[PDB]
Structures are given as C-alpha cells and as structure tokens.
There are 2 protein chains.
Amino acid sequence: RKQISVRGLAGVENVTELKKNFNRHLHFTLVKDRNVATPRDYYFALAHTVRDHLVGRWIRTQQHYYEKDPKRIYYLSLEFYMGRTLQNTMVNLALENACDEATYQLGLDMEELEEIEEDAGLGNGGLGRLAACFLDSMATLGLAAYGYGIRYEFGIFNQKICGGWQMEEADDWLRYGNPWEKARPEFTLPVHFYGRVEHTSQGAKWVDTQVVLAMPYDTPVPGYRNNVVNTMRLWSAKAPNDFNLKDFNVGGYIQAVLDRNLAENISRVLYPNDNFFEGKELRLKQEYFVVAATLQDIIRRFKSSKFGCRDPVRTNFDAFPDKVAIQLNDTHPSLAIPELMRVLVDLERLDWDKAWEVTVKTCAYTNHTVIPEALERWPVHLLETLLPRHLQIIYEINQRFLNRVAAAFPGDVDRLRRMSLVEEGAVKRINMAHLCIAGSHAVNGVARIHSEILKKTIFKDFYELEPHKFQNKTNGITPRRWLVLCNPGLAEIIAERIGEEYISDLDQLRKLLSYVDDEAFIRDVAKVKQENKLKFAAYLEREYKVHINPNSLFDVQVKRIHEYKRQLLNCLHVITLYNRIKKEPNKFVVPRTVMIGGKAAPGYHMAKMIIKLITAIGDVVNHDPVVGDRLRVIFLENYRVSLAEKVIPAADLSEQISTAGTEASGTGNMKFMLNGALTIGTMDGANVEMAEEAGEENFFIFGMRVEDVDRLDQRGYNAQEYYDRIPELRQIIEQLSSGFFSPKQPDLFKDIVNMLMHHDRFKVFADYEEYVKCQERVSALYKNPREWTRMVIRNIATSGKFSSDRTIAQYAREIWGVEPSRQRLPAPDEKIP
Amino acid sequence: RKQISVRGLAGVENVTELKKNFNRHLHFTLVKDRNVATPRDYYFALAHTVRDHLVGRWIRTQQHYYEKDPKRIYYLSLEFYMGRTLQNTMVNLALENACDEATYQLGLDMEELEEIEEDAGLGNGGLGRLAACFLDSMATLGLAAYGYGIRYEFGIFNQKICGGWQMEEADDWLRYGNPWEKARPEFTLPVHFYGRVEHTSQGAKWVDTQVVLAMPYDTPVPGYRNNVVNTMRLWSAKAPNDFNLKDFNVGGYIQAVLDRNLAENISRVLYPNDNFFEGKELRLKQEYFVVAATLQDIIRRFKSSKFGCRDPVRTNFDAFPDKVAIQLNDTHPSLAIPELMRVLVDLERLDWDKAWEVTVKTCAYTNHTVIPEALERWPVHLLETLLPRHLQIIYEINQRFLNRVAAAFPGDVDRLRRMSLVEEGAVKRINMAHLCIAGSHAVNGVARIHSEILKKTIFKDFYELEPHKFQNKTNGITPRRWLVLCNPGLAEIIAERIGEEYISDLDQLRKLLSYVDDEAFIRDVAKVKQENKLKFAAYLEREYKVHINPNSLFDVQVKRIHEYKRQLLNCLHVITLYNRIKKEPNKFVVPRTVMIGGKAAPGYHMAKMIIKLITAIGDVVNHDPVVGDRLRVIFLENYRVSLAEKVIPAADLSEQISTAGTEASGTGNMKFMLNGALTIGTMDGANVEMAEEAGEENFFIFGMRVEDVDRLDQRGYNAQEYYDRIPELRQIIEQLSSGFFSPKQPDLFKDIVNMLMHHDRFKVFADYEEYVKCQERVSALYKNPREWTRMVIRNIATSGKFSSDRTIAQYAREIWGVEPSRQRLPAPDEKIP
Ligand SMILES: O=P(O)(O)O[C@H]1O[C@H](CO)[C@@H](O)[C@H](O)[C@H]1O
Ligand SMILES: O=P(O)(O)O[C@H]1O[C@H](CO)[C@@H](O)[C@H](O)[C@H]1O
Ligand SMILES: O=P(O)(O)O[C@H]1O[C@H](CO)[C@@H](O)[C@H](O)[C@H]1O
Ligand SMILES: O=P(O)(O)O[C@H]1O[C@H](CO)[C@@H](O)[C@H](O)[C@H]1O
Ligand SMILES: *Cc1c(COP(=O)(O)O)cnc(C)c1O
Ligand SMILES: *Cc1c(COP(=O)(O)O)cnc(C)c1O
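Chain A is annotated in the PDB entry as GLYCOGEN PHOSPHORYLASE B of Oryctolagus cuniculus. Per the PDB header, the entry is named "COMPARISON OF THE BINDING OF GLUCOSE AND GLUCOSE-1-PHOSPHATE DERIVATIVES TO T-STATE GLYCOGEN PHOSPHORYLASE B". If you open the UniProt record of chain A and go to Function, you find "Allosteric enzyme that catalyzes the rate-limiting step in glycogen catabolism, the phosphorolytic cleavage of glycogen to produce glucose-1-phosphate, and plays a central role in maintaining cellular and organismal glucose homeostasis." Taken verbatim from the UniProt record of chain A, the Catalytic activity comment is "[(1->4)-alpha-D-glucosyl](n) + phosphate = [(1->4)-alpha-D-glucosyl](n-1) + alpha-D-glucose 1-phosphate".

Chemist: What's the story with the domain arrangement of chain A in this structure? I'm lost.
Modeler: Many structure descriptions define interface size as the accessible area lost when the parts assemble. Residues and elements named next belong to chain A. What the domain assignment lists for chain A is domain 1 (1–476 + 804–827) and domain 2 (477–803). Each of domain 1 and domain 2 was reduced to a C-alpha centroid, and the two centroids are 32 Å apart. The interface is formed by 59 residues belonging to domain 1 together with 62 residues belonging to domain 2. A buried area of about 5100 Å², summed over both sides, lies between domain 1 and domain 2, and 50% of it is on carbon and sulfur atoms. Counting across the interface, domain 1 meets domain 2 through 11 salt bridges. A salt bridge links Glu500 to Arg225, with the shortest nitrogen-to-oxygen separation between them at 3.9 Å. On inspection of domain 1 and its partner domain 2, the count reaches 33 residue pairs in polar contact. Those elements giving two or more residues to the side of domain 1 that touches domain 2 turn out to be β2 (80–83), α3 (86–93), α6 (126–140), β5 (158–162), β6 (165–169), α16 (448–458) and α32 (804–816). The element that contributes the greatest number of residues to the side of domain 1 that touches domain 2 is α6, accounting for 6 residues.

Chemist: Help me out: how do you make sense of helix α21 (residues 567–582) of chain B in this one?
Modeler: Working note: α-helix, 3.6 residues per turn, so residues spaced by three or four point in the same direction. The terminal C-alpha atoms of α21(B), which comprises 16 residues, lie 23 Å apart, in line with the 22 Å expected from a rise of 1.5 Å per residue. The buried fraction of α21(B) is high, at 13 of 16 residues.

Chemist: Explain the layout of surface pockets to me, please; I cannot follow it from the model alone.
Modeler: Empty space left among the atoms is revealed by rolling a probe the size of a water molecule over them. All names here are of chain A. In this structure, the largest pocket spans a volume of roughly 1400 Å³. The wall of the largest pocket is formed by 48 residues, among which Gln3, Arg7, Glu111, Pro488 and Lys535 lie closest to the centre. Per element, the largest residue contribution to the lining of the largest pocket is 12 residues, and it comes from helix α20 (residues 519–544). When grouped by side-chain class, the residues that make up the lining of the largest pocket number 15 nonpolar, 10 polar and 23 charged. The residues that make up the lining of the largest pocket include at least three from each of domain 1 (1–476 + 804–827) and domain 2 (477–803).

Chemist: What exactly am I supposed to notice about the environment of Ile393(A) here?
Modeler: Residues and elements named next belong to chain A. Take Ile393: it is sitting in helix α13 (residues 388–408). The buried category is assigned to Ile393, whose relative accessible area is 6%. For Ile393 and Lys773, which are 380 residues apart along the polypeptide, the C-alpha to C-alpha distance reads 56 Å. When residues no more than four places from it in sequence are discounted, the contact partners of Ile393 are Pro338, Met341 and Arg342.

Chemist: How should the packing of aromatic side chains be read in this particular structure?
Modeler: The geometry of an aromatic ring pair comes down to the distance between the two centres and the angle between the two planes. All names here are of chain B. Scanning the entire structure with this criterion turns up 60 aromatic pairs over all chains. Ring geometry for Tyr146 and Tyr148: centres 6.5 Å apart, planes at 40°, overall tilted. Just as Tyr146 is buried, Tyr148 falls in that class too. Both rings, one in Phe317 and one in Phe320, keep their centres 5.5 Å apart while their planes meet at 50°; by these two values the pair is tilted.

Chemist: Whenever I open this one, the sheet that holds strand β22 (residues 631–636) of chain B confuses me. Can you help?
Modeler: Neighbouring strands of a sheet are bound in pairs by backbone hydrogen bonds; such pairs are parallel or else antiparallel. All names here are of chain B. Spatially, β22-β21-β20-β23-β24-β25 is the arrangement adopted by the 6 strands of the open sheet, whose pairing is parallel. Single-partner strands in this sheet number two, and they are β22 and β25 (700–701). Relative to strand β21 (residues 592–597), strand β20 (residues 553–558) runs parallel, the two being bridged by 6 bridges. Residue pairing across strands places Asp555 opposite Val594, the latter belonging to β21.

Chemist: Looking at this structure, I do not really get the interface of chain B and chain A. What am I missing?
Modeler: In this complex, chain B contributes 59 residues to the contact, which on the side of chain A involves 59 residues. Where chain B meets chain A, there are 4 salt bridges. In this structure, the salt-bridge partner of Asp172(A) is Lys238(B), at a minimum N-O distance of 2.7 Å. Run the count over chain B and chain A and you get 14 residue pairs in polar contact. Counting residues per element, the ones that place at least two in the side of chain B that touches chain A are α1 (13–29), α2 (39–68), β6 (165–169) and α7 (253–258) of chain B. The element contributing the most residues to the side of chain B that touches chain A is α2(B), with 9 residues. Residues that form the side of chain B that touches chain A fall into these classes: 26 nonpolar, 11 polar and 22 charged.

Chemist: How do you make sense of the site of ligand 3 when you look at a structure like this?
Modeler: Around ligand 3 sit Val31(A), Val36(A), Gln62(B), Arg184(B), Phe187(B), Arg233(B), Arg300(B) and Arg301(B), and that is every residue in its neighbourhood. Looking at the residues close to ligand 3, they fall on chains A and B. At 3.1 Å, a side-chain N or O of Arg184(B) approaches an oxygen atom of ligand 3. Within the side chain of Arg301(B), a nitrogen or oxygen atom sits 2.9 Å from an oxygen atom of ligand 3. Protein chains bury 77% of the 390 Å² of accessible surface belonging to ligand 3 in isolation. When grouped by side-chain class, the residues that make up the shell around ligand 3 number 3 nonpolar, 1 polar and 4 charged.

Chemist: Explain the site of ligand 6 here, please?
Modeler: Residue and element names in this part refer to chain B. Taken together, 15 residues surround ligand 6, and among them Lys559, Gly666, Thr667, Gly668 and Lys671 come closest. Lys565 is positioned with one of its side-chain polar atoms (N or O) 3.4 Å from an oxygen atom of ligand 6. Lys671 places a side-chain nitrogen or oxygen 2.7 Å from an oxygen atom of ligand 6. Out of a free accessible area of 400 Å², ligand 6 has 96% covered by protein chains. Looking at the shell around ligand 6, the elements that each hand over two or more residues are α6 (126–140), α23 (641–647) and α24 (668–673). Residues belonging to the shell around ligand 6 are distributed by class as follows: 5 nonpolar, 5 polar and 5 charged. The residue makeup of the shell around ligand 6 includes at least three contributed by each of domain 1 (1–476 + 804–827) and domain 2 (477–803).

Procedures and definitions
- Residues numbered from 1 in each chain as written, not as in the entry; some residues may be left out.
- Chains lettered and ligands numbered in written order.
- Heavy atoms only, no water.
- UniProt positions renumbered as here; feature names shortened; annotations may be inferred.
- Domains from an automatic or database assignment.
- Contact = heavy atoms within 4.5 Å.
- Buried area = accessible area lost by both parts, 1.4 Å probe.
- Salt bridge = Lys/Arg side-chain N within 4 Å of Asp/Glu carboxyl O.
- Polar contact = N/O pair within 3.5 Å; in protein donor to acceptor, adjacent residues only side chain to side chain.
- Helix = DSSP H or I, 4+ residues; strand = E, 2+ residues; numbered from the N terminus.
- Expected span 1.5 Å × (residues − 1).
- Buried < 20%, exposed > 50% of the residue type's maximum accessible area, 1.4 Å probe, protein only.
- 1 Å grid on protein atoms, 1.4 Å probe; cavity = no way out; pocket = protein on both sides within 12 Å on 5 of 7 lines; lining within 4 Å.
- Points joined across faces, edges and corners; volume = space filled by probe spheres on them.
- Nonpolar A, V, L, I, M, F, W, Y, C, P; charged D, E, K, R; others polar.
- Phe/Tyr/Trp six-rings, centres within 6.5 Å; stacked < 30°, edge-to-face > 60°.
- Pairing = 2+ DSSP bridges.
- Near = heavy atom within 4 Å.
- Areas by Shrake-Rupley, 256 points an atom, 1.4 Å probe, with all protein chains shown as cover.

See the structure below:
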C-alpha cells in the first residue's frame, strides 16, 4: 500500500498543468470555493480536468476516420455495463500517477474521490459487461467502431437487503450529472411508431405514425495509450413540440404537456432480467427505438462517404457491406434486419433481392444463451399494432427463407415448421433468433462448447442449410480494467519481471511460467493477494460493518442469482461444512469466508428465496460459538462493476458451479483467473477452455459433463435417489424442512426444498457428492501455501487467451473483415484547423 | 447602424482574453471544431465565456453577505419573466463592446448569435416581468436579495397562428441547455404532501406525508456595473429513490419507476392564465412546493447567522424579522404565512402568539389586481386533503383575526362575514388575499389609483381595522434592458448630451427638457426612431415575410389578450379607418401600421375569438387596392420579452386602452414612454401618474374616468343606446353580424357581437366616440414631424419616476427596512481563500 507502480509518469510540467486546471474547474465549472467544496465537488473538478485531456484526441480520432474513411463497425446492444469512468480514462491516457501527485499536492486522496463516482449501471450482467470490454478493446485495436445503445435514466436497480430480503430501488445515477457525456441535440432524429401501411402505386408507405425523437449523447471510449478515442452513442427519447400538444379538439393543454413523459418513457429504465424474456410493449419499443435511430446515423455517414462526392450513377448501396458492419449483440437489436430492409426497399427503392444481399452481408449475430426461457418470441399481435410494415417484411423474409429450405430439404415437412420465423400456437409469435440467423452472414456462440451446442442441438436445422454461417468467438475480459485498474500490485510485480507490453498483448503472461519455482515471485504473488484480502476485509468492516478473518480462504461466488448458476449447490456445501464441525468441534478445518453476491431480477421469486436462504445460513453460522472464526458466510449486497473490481482481486477460490451445458461462456471466471484465484468448476462454458489452457491439474473440475447430464435426462432425473443415498444431504433437507434455519418462521423454505425434491431443472443433488469431495481437495492445497501459489502462477500465466483484444481481433478478422492495428494515432492537438 | 455607442470599452488585453476563452469553450466545452461549428455552437462558446466573467463576483457577493450578514430579502414569486440573458449580462458587466470586437475579430456577428438564445419564458405577462425587473434593480441597489421560484420545464407556450387561429405548443426552452444556471443537487430539500395530523402530547405532528424533493438551480443576477451578482433560486421537483419504488406488495417494479414522473410533474409546466384563477390541484402543489423549500433555505441561513455562533439562550427567533423579509408577489406564495407558523409552532415550538408577531413582521404582500375572477379562493376540501395542518393553522388565524374585528366593530355582524378568510357557500373556500392582509405587515398596490381603490372598495374593511398596513409603490421598468439594451441609439444620443449617470439614476432624464427646442436633438430623436422602425420593418419581412411601409405611424398594442385590456375597441377603430377611406378613397389620411400582439390563455374562448377577428380584419384590409399602403393591420405572433425588446423601440403610438378602473398598473406603458412613443390612453393604472409626470398636454387621454364608469353602472350600461346613436358604430356591428369579415363563414363572429351588445363587462361602446375623436388628434400631430418629436422629448424626459430602481428603493425603505446602496463591491477576484 505504499503505492507508486507504473501508473505512468508524474512529471513536473504536467502535475503543474493539472493542479492548475483542477483549481480552474472548481471555480469556473463548479462555482465552488476552497472553503465550501466537498469531496464530491473535488471528484468533479478532477473528472472535468481528465475529460479535458481526452477531447483533443476524440476530435482528432473522429476527423481522422472521416478523412481516411474506413469500414465502420456498429455494435448494437441494449446494454453497456460501463462501471465508473475516471480511473480507467487515466489508465488509458497515462495520467494515473501525474493526477495522484497533483491531488496529493492539493492535499486530497485520489482514491477517496474515485469512490465518489457512481457506476454507469446500464446493464444486468455478462452480456452488458461483454459490450463494455469490447468497447475498450475495439479502440485499443484502432477500429472505427461505435457502440450504440439506450441512455437509460435509471440503470439496474440498487439492491438493498431488509431482514435478509432484497429490496430494490431506483438507480438515480445521473442525480449529480455526468462529466463524461456530450449531449448532442443538434443531431436528434425521429423514430416512428404505430400507423398504417398504404399500398400506393409503386410502394408501401408507412403512414399515420406517432413520432418520438431520439436525442443522442456521446461518451468517449479511449483506447489504451494509443490516442484513439471512439464514441459510445446512447439515445434518449424526447416527445415532439407539436403533437405533444398540437391537434385541435379539447382534452386539456396542461395535460397534453404532462403526457409528453409517456414518449419520454422509452429511455427511462433498464429492463431488469439476466436470462429471461419479458414480452412487454415498452421493451419492444426500446428495441425499435435504438435500431431506428442508429440506422439513420449509419446511412447518413455512408452517404457522406465518397458517394457524397460521386453518387456513382446514383448512390450505389453495393459498397454498403464494404463500408458498414453491424454486430447484433443477442436478438435485442434484431429489428435492425427488417428495418434495414424497410429503409432500402421502401425509402431507397432497391429491389428486395438487392437489399437482401446487402442486409445479409452487413449484419452478424452473437447468441448468448441456449436456455429457452431467455429467448425472444414477440407475439405477432403486438408487432402488427406497433410496427405494421416490419411484420410484412418479416412474413416476406420468412417466405423466401422456407422456399430455400423446401428446395433443399424437399418433402421435409417438419423441417419447415421448425425453421419458420413465425411460430404457430394460440399466440402466434415471431422467433427473433430465427430472424437473425436468416438475415445475418455469421452467427456465433461465446465459448467453444456453446458454439458446438448451437450447431448440434439448438440451430441444427440452420447449420444443415448454411453451415458456413456458424462460428465461435470465445469471450474475453479487458486486462486494463480487470488487471491494471483493479489490481495495481499484481500488475506491478508482473511488470517488473516481464515488462509492460502485456497490457495490450496478454499472451506474454505465459513468459511468467518461468517464475513458477522462483521464490521471489512466489512470495510477491502471495503478498499481493494478502494485501488485497486485507484491503477488502477493511472495506467490509468500514462500508458495511461486518468483520471477517483475512487469514481464511476467501471463497466467492459473485454473478446474477439464477437457478442454473447454482448458488443453492454452494449453500448445500456451506451447511455441510457447518455440520461436519458441529459434530466434531475440535477438529481443525481450514477456515473460509464464503461470500455470495448478485442481484435477483425483482419478480423472480426463486432467486429472491435463494437470497433469503443465504442470509439465513449466515444468521445461524456467523453466531455459532462452537464455529468461531473458522466459518463465516457473507452475502454481498449490491453487486456490480465497482464491487467486482474490489472483491475479485481478493478472492482465493472462485465458484463456477453451473450445470454443465447451461452457462454459454461466463466472464467472471476469466476475471478471477487473472487475479490469482483458483477455480472450482464444472466443465461448462469457457471453464473448459480455461482448464485446457492451464491444464486440468491446475484447475478444480468436478461434476457431470454434458454427456452425463443427457444420460440422466433420458434416464429421468430423480432427486429422491440422492436423498436416499447421502445421509449428509438427507440431514440438510430436514434442517431446511424442519425450521433449523428459520426458527420462528419454520415452514419458510418449503418451496426451495420442494423444488429441489420434485422440480430441479438444474439437478443440484446430482453434483453434490462429487462437489463436496472436490471442496476437500481445495482446502488440502490451501493449507500448503507455496503449492497454492504455484497453481495460482499457473493460472495467471495462462490468462492470455481470455483477453477481449484476442476476441475482437477474431471478430475483426473473421466476421467484420477489418485488420486490427496498435499504431498510436498522432493525437493530442493544441490546434484548430 | 454603424454602431459603436457606449457599450463600454473594447480594450486590447480583454479582447485578447475573450477570443482566447471563446476558442477554449468551443473546443473543450462544446467539443466542436472550427469546421463543424454552427451559429448555435458559437452562441454557446460566447455564453460560456461571459458566464466566466461573472462567477468571480457571484462567489464574492455570496461570501460577502455571509461575512457582513445583512437583512435578506426573499422575493417569492411563482413567475420570473427573464427573457434572454447574454446581452443584459454584458451590459451589466461592461462587456458589450469588448465582446463585439472579439467576435468581429473571430469573424462572427454578435447580433446573429444573440438571436440564437431562447427566452426564459417563465412568466405570463406583467406580474412575472415585474419580478424580473425587480431582480435587476435589487442587485443594482446592492440589496442582499434572492428571487425564489419554480424552475418550469416548459415555460409559457409558444403561440402559433393557423388560419388566423392560435395554436399553442410546448416551450421546450431547455432543449439545448442553459449556460446560465448552476444545478445544486447537494442542497436538495424535501417537501411534504397529504398526511394526517396527530395531536400527541404537546403538539400536532403532521405524519404520513408523501415526500417530493426540491432540487435547486441558481442563476446569477448581476447588478449594473457594481460587481454585485445575486441569486435567482429556482426549485425543480424530484421523486425520492425509496418510495418511488420501495414499499412491499406487488404492483410493478418498472411501473414504480415510470410513476416517478408524477412527483416530478410539479415543476413541469407554467400555469398559462394572465388574470384568471385556476382552482386545479397541481397549481396548489406548485404553490406549496415553492413556499416549503424556500422557507427551509431561509431558516437555514438565519440559523447559520450569529445564532450559529451564540444561540442566545437558545436560537431566539426574535431577530428573525430583523434578519428576514419575504415579499409575497400576489397571493400565489400566500401559504408562506401558515407554513412559517407551522415550522415555528410545530417544529421550533414557540408560542402561537410569539410566532404570529414574528410572521407578521417578516411578511408583506403586493396585490396585482382588483378583478374578482383573478382572485384565489382555494376550496377547503382540497387544502384538507393535501395540506391538512395548514388548514388548521388557517382556521386558527381566522379565529383570532375576527376576534379582533368583533372587539373593534362590536355588534357588526356583516363585517365579520365579509372579513373571514373562510368563505361559506356550497363549496366552502379560503380567501387567500384575506390571509395575506391578516398575516402581512404591509399590503400594497402597484399604482396610486389602484392603491386608492383597494382602500376604498376592495379591502375597505381591512383598511378600517389596520389603516397603517396599506401602502402603494407604483411599478417600474429597468432602464438597462428597457432602454440601453433594446435601444442602444436612443441611449447614445441621450448619453452624448447629459452623460451616462442616468442608467442608474433615470431622474436625470429631466435634464433633457432643456433640449426640447434644440434642432440637433430634435433630428437625432427623429432619426433613431426611423432607424428602429426600418430595422423592425426588415425583421418583419425576413423572419415573418409580411412587408409594411416604414413611413407610416406605427400604432401598437402588445400585451396579453384579455377583454378588460380592450383589443376590441382598437379593432373597432381600425374598421372605422378602413371605412372612412372606402367611402372617400382619394382623401388623404395619415398612413398607419396597426400592430396588435399578445397571447390568449388556451381555453379563454373570447380572447381566442378576438385573435381570429384581428387576423380577419387584416385579411380584408391588407388586400384592399383602394386602401393601398395607407392602412395595414398586423397581428404579432408569439409575443414575449425578446419581441417586446424589438417592437417597443419602433413604436410611434402606444395603445393603453383599458376601461378605467381595470388595469392595476401596467408596465408596457412605461417601456414605451422611455422609447419615444406617445401614449393614447384612458386614465387607468399608472397612465394617470405618467400623464401627471409629463403633463396632460403631452399625453393622449380620452374616455371615461372611474367616476364615470360607476355613474354608468348605477345607471345601467346599455350598449344598444350607443348602437342607436352612432351610425359608424352601427355600420361596424352589421359588417361583423352579416359576414363582411368572414365571407364563407358568415355567422363566425356572432358571439363577440352578442357580447358587445348584451354582455359587455368592460363597456367598449362607451369610450368609442371619444376614442375615435382622440385618434383624429394623434394623426394631426403626426403629420407635423417637429412637433411630434417635441411631445416625444417631453415624455422621454419625464420617464424618471418609472424606473424600478425608485420602486425598489421605496420597498426597501418603507417596507423591508433596508437602505439601498450603489457602492461597487470590490469584485472580481483571481484568488482563492
Ligand atoms: O456523427 P458524426 O458527424 O460522425 O460525429 C459528430 O461529432 C464529432 C466529434 O465532435 C464531429 O467530429 C463530427 O463532425 C460530428 O458531426
Ligand atoms: O447476462 P449474463 O447471463 O451474465 O451473460 C450472458 O452473456 C454472457 C456474455 O456472452 C455469457 O458469458 C453468459 O454465459 C450468458 O449467460
Ligand atoms: O445557499 P447558500 O449557502 O447561502 O449559497 C450556496 O452557493 C454560494 C455560491 O457558490 C456559496 O458561496 C455558499 O457557501 C453555498 O453554500
Ligand atoms: O400579468 P399582467 O396582467 O400583465 O400584470 C398584472 O401585474 C402587473 C404588475 O404589477 C400590473 O402592471 C398589471 O396591471 C396587472 O394586471
Ligand atoms: C463480469 C461481470 C458479470 C458476469 O459474471 P458471470 O460470472 O460470467 O455470470 C456480471 N456482473 C458483473 C458486475 C461483472 O463484472
Ligand atoms: C412588460 C411586459 C408585459 C406587461 O405589459 P402590459 O401592457 O403592462 O399588460 C407583458 N408582456 C411582456 C412580454 C412584457 O415585456
């Protein structure tokens, strides 16, 4: 904690320049004086000074792509889980140490001020943090890339526990302002809703629509020390001045204005589910909105290219795929496909068949899950009302698609019903995943098991029609935030031995294999990890008044609360540990702090019941005198990016416990591998490529492989068989059944026990025995320090592959068709032209 | 138009400093480049550079009152009609010419950029523009004064004409931002609504209330060249994070967030009526809100005074009147009275009788009208629901008030029902005007007739109980905006002869009497007025494509459209003029451009019918070939402060035509006297003190005096008598009745004719004959140039009295108890302490 790592150069002219501009923004921007200013005021004076060092290059990077006019990548996501922006901008700009100096000289602690920034919580979990780490890597690799999303007013709710229950409240992240965005009202666009389609003369024209306006807000995304600053464009909904008021017949003037926030409700709140599908109208309107305005912004800056110079016997949209690439993050932007067809056929007047070749060559889709409840099936009755031309375009696309399928698989009548984008049943629906494979030229999974499972199970039919479309790109994590930024010490001690070229070339970590038997490296790695555990132990006791023993194994499961991720199996393990020492008190066991955190989506009653169980286990366990400090269970309240940055560097053991076949990739598992945690995990998602990368000896794999899960499903999963055969498991069911964990509330956990017993979709009891055996094996190693740290050096040295720079260099190469670069653009500036 | 008047010094180091900081805000603040920036971007770079020159003094003026701790004036208004802020700040700071230079040097036209600023339209008419000119004069006179209002999202609607009909639309003034406010989320306060009163032990406690938060936004108000910059604090409503979400039982999570803009609706839109009363709940909530949070801000900075040093055997609220003065602008903040009682008795726990002496000594009320439909009578049933403790405090105040009245006027039973703050009828109501006289120590009218009429008619009972409470302070206008700023040339030519000391000492204009027979002054005055008429003639033809003859009398009536202000009598005059030349075509008449402008409140059907008449008269008159350029009638669309600043300097004749006894003061009449217009007017409001000031020979007074209006009311106004006796008036009624003005729509004006004939509250026909005679007299003078300009020099030299600096020096002296000052505070700065 003496600090001073290579957070860059703290050099004289710059620290001078900085203190000076901090003191100018406090006075001139904040209109605050040295005697009235609080730590929030000073956080902003610094946020504003650091934003200043970035505008030069943002301007330079934007006029630069204009000039050299590359192929542009538009990554469409409904979520961007950015976390906080000050420190990361200082890391990518080389300003961390200069600003630490400058601030200590003004008498302030930088770390005090960085805690003042609220998180940009515009995401739910993995899919949104993926988008965020892709942004960082696209600018670090010099790509002309733009993230396009919604600027939600309220991000993911802030989780609160009251009596061990989750209490949700609004995330008013913008209460205090945002020093990082630049509102752009100049560039507002209209999005159309509802309406009629008239078929008049040569064309459909969508007529009688309500107009909402999409007002943009751009945030800079700086690549790591390469002077590229790209743009995240987030749309906000604005009601028009005329119809939100103007049309003549009494209703009410004041009312007509009060009803504007109704159009403005489209960007008010993030829909809060990880892996579930919400069939609500407001969600489809968010999805059309972001697609609508983004495609306008894409066509505009394509027409301004060398067509708005030579429209080459009219603007030839033929080069549209060679100038545009749009990545659909999940099916949430899938309306991009009938909308690019709507603008091209209806407005730009190309042939259906020309527009279709163009749409397919520019669109590509990333699939993020296999579980059927997460998939989007939008009821035809609401695409008909709200978007009646896009339904016609989708019925037409369906038609032409299945005409291909019939010609390829002639006579095969069940094929055709299975492939259809239009699903019959009572509610006739539209399968959006089907629309994206049909209309994209590449479809990909986020981990090699996941990509094989799509080819083999879920989109088998589609693989047999167009095998070449299906690809894989295993996920990644950005080493800048997820190593340099959250773990300045680990990055430091690596930097001493192998240099710094690895923050943008993480494969170089393999060079650390050579230090596995070097006692200097083995004590420094063990030292960083104790420093981080002591810092988190102290955060806990100050910010949250809990007190934990820093000398125990820090056992942590942090991710959204869902049944397939199996916090229940980990709770079953904690109660085994509790009971093995209550029957044999004076038996020594390796001590551990079990920390579980994550948010439940608000009406998912099972996940909300899981958080009540965990707090109930901690109520018992943490106050048993026979237990002592040997075991404490801790629920980790309001988990999100800033909390992940402090708890992942302090973990010894990482829980990655999903039923094989259910977690498509996972990325918390990589964040933890980077930071000196060992993984206990099933062979699911990217855990399989991580154990292959580090070797299975250096990993703690247990449980059913996918084969084993299918064998059991053919057979029939019967959870009673496990109740019968394992007395310890028997014992826990009756502790839950008979009120041990809910004394004055005894029947309380009756539906988690019932679900386990009769309705376990994720067959928790089946991996239990082999999981408590694998847990005996990690405590064996922990009590042998030097040998835990060598297995740790083996995981950190093998993290390479899992950087998002690799994942994006593969998207670029094999899907977008751009070559990454790392040549620092010659910014900043001084100048004006 | 060569320009260069004394708009200050354009001096070398400063113009250097300016261009430099303009170019820094364009790059760093606007994140715009010289090749991408538009006139809006450049307006903001300049707005931001000019705001910078003001923050030094704002900080200095605020720490300065802290230190010397004066008596503070809080002017509570629900309206502040500010207009645009760039130019006025440059005028009060001496930056006009330095910035004109700086901008021409960057190659831009300042006047092009000033048209980019939208108006702060937070007001309806006179009452709100009064508040605005009081703000300017309070800072020019060094008063520690704070305007407190609501920060409305949508100001007064923007008026649009479609087929001669007014079309209202939302004033999205903030669409682009506001370079002038400084949001202060740090200082957010809660306001309570609904609830119960529990009577428990020693006290009522208001319990079970919904909380809304009042988030402040401060705008600087710079005095004219004296380095004082005071604060306008405008509250915005914010929903809380907990109950706008948190309390447990299903309803909906997304819904609970979408329902926040419901609490946030309290500051969304200005209520749009000049002189009418809206009994709607949302209005009362705006009124409680602004009172609630302001009183919190007042008590806070009173406790921080030398009580938060010595609470002198507890905080003695005894000095509260000697440290606090709160001016109630109309009854719209009257809840300040039971709220100061609520905090003092309920929370601070003083005796009713001690708190009452304190409340009365700090509160004072300005009455703005006599017409009964504008008065506030809030139904008890909604003060009971929404504000149940304040109703108890008001029933108690009523009680104690009438106990005084009975003791003073013993036996006088009708007195007591007339005085009551609580009015019986079906709907039992609360007379808010009655509450303010009861609870204030000074009550005042806004013109000497108006103040005599309150003593004699409306609050006679109250004058007989407390004669000493009733005062007068005739209104005013700020010479800075309403002379220097809109008429730089007139100010210039005056400045040459008598110097500049008059912009803060307007009485010095009398020294101009000496120049009435000086031919240099007589041609320069006549020259300015033709330059202004040519500039407005050109604005008209560019911005609004109309074309008018600049050599005709510019006859203008601009104010809100209401029956008592009598745009109908002026329309009757225009049609007489039209017809006197259609019967005698080749008769020479003095040519005039009749311009009428103003907004109708949206559901006032009569005023909306008056705007359709005027446009209908222009449809006829403006296309009659026999008329030629001799007569054009023009309706002046979307009237407000920026349009008043361009049309008032270009007027020759000012219409001030209300029924005597109805316009309490008027302030457009003063703006026009300052700017070389002659007044045709009844002896109403401040027209009486203006003609007394200039002398009746130099004024065009006509019509019934108040006596004459009463004599007619006892008699009975019969409009048929005037139809019978005046053939020209006869003739116009049948032109309206028989479709001359609405050919294909012939029955169209049937209820204006019917109202004139049977229901004229403002007896238009009674002043008609004497008004068309007074109109022959102004055209006689107009065709004698040298003699119009001498009557003009007589009005401009007599404007003195009507400056708001005099009005505020009288409020200060005779009501607040502070002595004005004009000593320039030693700001700006450089420094930090
Ligand atoms: O959406 P665009 O035009 O590509 O990006 C927009 O902001 C950029 C950064 O200020 C400018 O350089 C562009 O000229 C501007 O129009
Ligand atoms: O939103 P979640 O569930 O955290 O994340 C979802 O997309 C992520 C990024 O592709 C994957 O790692 C997860 O396996 C998937 O379930
Ligand atoms: O409401 P207050 O405290 O009187 O005014 C507030 O803004 C002023 C100008 O920045 C400061 O000087 C005060 O210290 C601050 O607390
Ligand atoms: O809102 P309005 O009607 O323009 O203005 C109202 O208050 C003004 C300021 O005291 C007075 O001059 C007007 O006579 C009065 O009717
Ligand atoms: C990386 C990240 C995720 C993803 O975690 P998984 O364990 O892959 O499901 C979710 N939440 C946060 C805050 C993250 O940083
Ligand atoms: C001064 C002013 C008013 C007041 O006009 P009156 O003629 O007194 O009713 C109303 N509107 C605007 C825009 C003003 O400037």
